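K.L.:
Let me see the structure of the following:
(chains A and B)
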Amino acid sequence: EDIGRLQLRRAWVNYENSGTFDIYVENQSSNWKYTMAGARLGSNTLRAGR
Amino acid sequence: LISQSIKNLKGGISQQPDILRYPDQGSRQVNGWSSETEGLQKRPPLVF
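P.N.:
Residues are numbered from 1 along each chain as shown, chains lettered A, B, ... in the order given. The coordinates are given below.
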């Protein structure tokens, strides 16, 4: 249904056991890049080497 | 105040009166090419 203006804000991507994709959001003149890495701080997944 | 969008234009003549006919159906159409993804196009030309 494309009738009214859909002012869009903060799409979200959920992910299973991997990461480090970036994300490129591309408006007409904006070009923001939402880079992402593996795990959160303090997680058991995030290790000083694993 | 209402509004609606006719999503496709496929297609063609419909000599049935307009309170009966579907949307996508024009009342006349000459040299049109109602494709699947793109709608109305010009028919491609006659090479010689």
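
K.L.:
Which residues of chain B lie near chain A?
P.N.:
Remark: the part of chain B in contact with chain A comprises B:3, B:4, B:5, using C-beta under 8 Å from any C-beta of the partner chain. All C-beta atoms are positioned from the backbone trio N, CA, C, and that covers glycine.

K.L.:
so who does the first one touch?
P.N.:
If I follow you right, that is residue B:3. residue A:3 (C-beta atoms under 8 Å, 6 or more residues apart in numbering or on different chains).

K.L.:
before we move on, back to that, cross the residues of chain B next to chain A against strands and list the overlap.
P.N.:
Among the residues of chain B next to chain A, no member is found in strands (DSSP state E).

K.L.:
Please tabulate those residues in TSV, including the columns distance to residue A:38.
P.N.:
Compiled in TSV, the residues of chain B next to chain A are given as follows (distance: C-beta to C-beta, whole Å):
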residue	distance to residue A:38
B:3	47
B:4	47
B:5	44
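
K.L.:
Could you measure from the residue lying farthest from the centre of chain B over to residue A:35?
P.N.:
Note on chain B: the largest separation between a C-alpha and the mean C-alpha position, by C-alpha atoms, centre = their mean, falls on residue B:48 (28.3 Å). Applying C-beta to C-beta, to the nearest Å, the value for residue B:48 to residue A:35 is 56 Å.
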